[PDB]
Amino acid sequence: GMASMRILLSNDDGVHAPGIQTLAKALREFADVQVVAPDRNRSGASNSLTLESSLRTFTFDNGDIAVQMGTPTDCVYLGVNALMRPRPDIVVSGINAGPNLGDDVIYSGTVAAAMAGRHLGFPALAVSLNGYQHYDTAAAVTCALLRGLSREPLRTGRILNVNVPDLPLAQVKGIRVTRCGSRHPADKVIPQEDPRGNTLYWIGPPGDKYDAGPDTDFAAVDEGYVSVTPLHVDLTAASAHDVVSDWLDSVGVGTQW
Amino acid sequence: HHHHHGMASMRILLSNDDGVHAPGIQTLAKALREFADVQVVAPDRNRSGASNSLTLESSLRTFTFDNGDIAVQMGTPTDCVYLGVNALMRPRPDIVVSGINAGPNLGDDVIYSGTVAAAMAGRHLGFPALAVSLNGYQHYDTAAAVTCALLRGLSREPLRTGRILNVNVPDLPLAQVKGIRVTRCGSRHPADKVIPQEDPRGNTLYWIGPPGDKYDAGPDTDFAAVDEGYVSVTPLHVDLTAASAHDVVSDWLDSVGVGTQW
Ligand SMILES: [Mg+2]
Ligand SMILES: [Mg+2]
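The listed protein sequences correspond, in order, to chains B and A.
Going by PDB author numbering, the first residue of the first sequence is number -3, and it counts up by one from there.
Going by PDB author numbering, the first residue of the second sequence is number -8, and it counts up by one from there.
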């Protein structure tokens, strides 16, 4: 090999989490790896960033950096811009304890860290295990995608959201290029009272699967395939443009007549 | 004949990410209260940059003020709307309005926006959710006026397609606002600045820098519209799929023998 791959590895479960550590070990067999991860579990962090306060880092013995109270996007931000010199080739996020599928991915901090590395030399990898058993399987899948990214460049798509079925590698049927599924709106809130009679509120479970069709990420994983979905950060709903414009004319907003 | 038909014709969950004490939400609450049934459910402090984050491993505590505003303690903007819609409000809201935010929410910044995230949690409602941000800190009244027009608009006719509208208002007196444009999100160069700062014990702490330079500010972007003095309205969705990359990724995989044997 003419060049080593330099990987900024991050996650969302925290620097000590089994996921990030199993993958770290796997990647280190053939790549330079720098972990920059949250100091504790930050699931549900989405693409949040720390703007109101400065961030404190702690470096471990194996060279791992943890950002205290830092979101996954903080980590990737500091890794790319300040802490890795030169900047990394690519960001790998994961392996996450649990799936990031369908319309849940906008809340995923795992995905968020991958999206913060979208402007690097290789497309970012978000890697989630559909469970907690086979981190080894997901590490193998990642190492394969990294191998694949260096045999031939991926020309389009700055983010690959990867979901790995929780099976031993031998039982994974393969890989499907998929689109994000969708859910019926979530509406469950679990209230619990405190000792003083005050009502406190837990955010309940996701909504029921709604678009879990054959071409979706929900289906692929259910059928034992690694789901790969190219993602972007553009949130424009382009198909709604005309309807919105016509509506405005229709109700006289922005126009005199 | 009055400017609005009815004093409390729609139920509005009003939120933000600047917090309940922010002048932007407060100015807007006043304005909306002329014609709407308004319930504020917002964070207890400034949560700018909170994106679509939520509190999952902890239950949430709410605090109610004398005027009836609810602040969710520790709560994210998504937390607030999620709680407001699903638990706190009787009767349920017809629409979520989020803002007015201090500062723009434009381009690829929208995914990092707590203002936008709050609207997005109201996307399943009767009316499309509105995210409203001011391009500055001066003319909250203008943004308020624009929001009231959009809302009177919804009373005259429903918006069919489009679940969330991201609205950016030029920081100008209303008379100087050239009008409105339906835009697409522009984009920026990644931010690259990291401002270091030493603590009293002499340890180096880091600040996230400002956003990157504009990259894509074409004629029909949200960036252009605002720069040119127009209110920008971009319809958004929560879906992150990059559909126009499907075939390239599939060919690529096949080409590199990942997922197949040969
Ligand atoms: Mg996690
Ligand atoms: Mg704000």
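C-beta: ideal position from N, C-alpha, C; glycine also.
Handout entry: Backbone CA spacing between B:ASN92 and B:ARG24 [nearest angstrom]
Key = In the first sequence, residue 92 of chain B corresponds to position 96, counting from 1. In the first sequence, residue 24 of chain B corresponds to position 28, counting from 1. Spanning the two alpha carbons is a distance of roughly 18 Å.
Practice task
Check each residue of the segment 203 to 235 of chain A: if its Cβ is closer than 8 Å to any Cβ of chain B, include it; give the result in chain order.
Solution key: Answer set for the segment 203 to 235 of chain A: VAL222, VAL224, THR225, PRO226, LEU227, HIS228, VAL229, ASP230, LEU231, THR232, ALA233, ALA234 and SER235.
Handout entry: Beta-carbon spacing of B:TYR221, B:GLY170 below 8 Å
Key = On the first sequence, residue 221 of chain B is found 225 positions in, with the first residue counted as 1. On the first sequence, residue 170 of chain B is found 174 positions in, with the first residue counted as 1. Against a cut-off of 8 Å, the Cβ pair of B:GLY170 and B:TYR221 comes out as a contact.
Practice task
Output the boundary residues of the beta strand (DSSP E) element that contains B:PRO226.
Solution key: Position 230 of the first sequence holds residue 226 of chain B. Note, B:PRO226: beta strand (DSSP E), 221 to 227.
Practice task
Have a look at the DSSP bridge pairing and note the partners of B:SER104.
Solution key: By one-based count along the first sequence, residue 104 of chain B stands at place 108. The bridge partners DSSP lists for B:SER104 come to none.
Practice task
Kindly examine ligand 1 and report whether one of its heavy atoms sits closer than 7 Å to the Cβ of B:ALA93.
Solution key: Stepping through the first sequence from its first residue, residue 93 of chain B is reached at position 97. Yes, the Cβ of B:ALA93 comes within 7 Å of a heavy atom of ligand 1.
Handout entry: Near ligand 2: A:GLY105 beta-carbon under 7 Å from a heavy atom
Key = If you number the second sequence from 1, residue 105 of chain A lands on position 114. At least one heavy atom of ligand 2 is nearer than 7 Å to the Cβ of A:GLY105, so yes.
Problem - Closest residue to B:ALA112 among B:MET(-2), B:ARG172, B:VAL87 and B:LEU231 (Cα-Cα distance) - result: To locate residue 112 of chain B, count along the first sequence from 1; it is residue 116. With distances taken between Cα atoms, B:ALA112 lies closest to B:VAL87.
Problem - B:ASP162 Cβ short of 7 Å to ligand 1 heavy atom set - result: In the first sequence, counting from the first residue as 1, residue 162 of chain B sits at position 166. No, Cβ of B:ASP162 sits at least 7 Å from all heavy atoms of ligand 1.
Exercise for the section: With hydrogens ignored, establish whether the beta-carbon of B:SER49 is closer than 7 Å to any heavy atom of ligand 2. Expected result: Sequence index remark: in the first sequence, residue 49 of chain B carries index 53 (1-based). Placement of the Cβ of B:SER49 at a distance of 7 Å or more from every heavy atom of ligand 2 is found.
Handout entry: Integer-rounded CB distance, given that B:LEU45 should sit under 8 Å from B:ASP70
Key = Stepping through the first sequence from its first residue, residue 70 of chain B is reached at position 74. Stepping through the first sequence from its first residue, residue 45 of chain B is reached at position 49. Sure, about 6 Å apart at Cβ, within 8 Å.
Practice task
Using beta-carbon positions only, say whether B:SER124 and B:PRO149 come within less than 8 Å of one another.
Solution key: To locate residue 124 of chain B, count along the first sequence from 1; it is residue 128. To locate residue 149 of chain B, count along the first sequence from 1; it is residue 153. Their beta carbons are not under 8 Å apart, which means B:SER124 does not touch B:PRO149 by this criterion.
Exercise for the section: Compute the distance between the beta-carbons of B:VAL101 and B:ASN157, then report whether it is under 8 Å. Expected result: Residue numbering aside, residue 101 of chain B sits at position 105 when the first sequence is read from its first letter. Residue numbering aside, residue 157 of chain B sits at position 161 when the first sequence is read from its first letter. The Cβ atoms of B:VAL101 and B:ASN157 sit closer than 8 Å to each other.
Practice task
Output, in chain order, the set of chain B residues within a Cβ distance shorter than 7 Å of A:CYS139.
Solution key: As a first step, residue 139 of chain A is located in the second sequence; it is residue number 148 there, counting from the start. Under the 7 Å cutoff, chain B gives no residues; its nearest Cβ is about 10 Å from A:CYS139.
Handout entry: Per-residue DSSP class, three states only, for B:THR69
Key = As a first step, residue 69 of chain B is located in the first sequence; it is residue number 73 there, counting from the start. In the structure shown, B:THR69 adopts helical secondary structure according to DSSP, grouped into three states.
Exercise for the section: Can you tell me the Cβ-Cβ gap for A:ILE199 and B:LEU47, rounded? I've got them flagged as a contact below 8 Å. Expected result: For the purposes of this step, residue 199 of chain A is taken as the residue at position 208 of the second sequence. For the purposes of this step, residue 47 of chain B is taken as the residue at position 51 of the first sequence. Between the beta-carbon of A:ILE199 and that of B:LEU47 there is about 6 Å, and that keeps the pair under the 8 Å contact cut.
Exercise for the section: Let me know if A:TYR128 comes out buried or exposed under the rule of 16 or more other beta-carbons within 10 Å of its beta-carbon. Expected result: As a working mapping, residue 128 of chain A is identified with position 137 in the second sequence. Under this definition A:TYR128 is an exposed residue.
Exercise for the section: Consult DSSP for B:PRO14 and reduce its assignment to one of helix, strand or coil. Expected result: Residue numbering aside, residue 14 of chain B sits at position 18 when the first sequence is read from its first letter. Here B:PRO14 sits in helix by DSSP.
Practice task
From the DSSP output, in three-state form, read off B:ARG83 for me.
Solution key: On the first sequence, residue 83 of chain B is found 87 positions in, with the first residue counted as 1. DSSP places B:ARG83 in the coil class of the three-state scheme, outside both helix and strand.
Problem - Minimum Cβ-Cβ distance from B:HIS237 to chain A less than 8 Å - result: For the purposes of this step, residue 237 of chain B is taken as residue 241 along the first sequence, with counting starting at 1. So, interface residue.
Practice task
Could you tell me the distance, in whole angstroms, from the CA atom of B:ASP245 to the CA atom of A:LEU141?
Solution key: Looking up residue 245 of chain B in the first sequence gives position 249. Looking up residue 141 of chain A in the second sequence gives position 150. Using only the alpha carbons, I get a separation of about 12 Å.
Exercise for the section: Go to B:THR174, then tell me how far its beta strand (DSSP E) extends in each direction, as first and last residue. Expected result: Taking the first residue of the first sequence as 1, we reach residue 174 of chain B at position 178. Where B:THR174 is concerned, there is no enclosing beta strand (DSSP E), given that its DSSP letter is neither H nor E.
Handout entry: Closer than 7 Å at the beta carbon, the chain A residues around B:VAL158
Key = Residue mapping note: residue 158 of chain B aligns to position 162 of the first sequence, counting from 1. Chain order gives no chain A residues near B:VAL158, where near means a beta carbon separation below 7 Å; the closest approach is about 11 Å.
Practice task
Would you kindly check if the distance between the Cβ of A:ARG38 and the Cβ of A:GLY90 is under 8 Å?
Solution key: As a position in the second sequence, residue 90 of chain A is number 99, starting the count at 1. As a position in the second sequence, residue 38 of chain A is number 47, starting the count at 1. Not closer than 8 Å, so no.
Exercise for the section: Taking 8 Å as the cut-off, decide whether the C-beta atoms of B:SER223 and B:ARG172 are in contact. Expected result: For this step, residue 223 of chain B is matched to residue 227 along the first sequence. For this step, residue 172 of chain B is matched to residue 176 along the first sequence. Yes, the Cβ-Cβ distance between B:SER223 and B:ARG172 is below 8 Å.
Practice task
Measure the C-alpha to C-alpha separation of A:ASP204 and B:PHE56 and round it to an integer number of angstroms.
Solution key: Counting from 1 along the second sequence, the entry for residue 204 of chain A is found at position 213. Counting from 1 along the first sequence, the entry for residue 56 of chain B is found at position 60. Each residue's Cα considered, the two are about 35 Å apart.
Practice task
Provide the residue(s) that pair with A:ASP207 in DSSP beta bridges, ordered along the chain.
Solution key: The residue you call residue 207 of chain A lines up with position 216 of the second sequence. DSSP lists A:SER178 as partners of A:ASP207.
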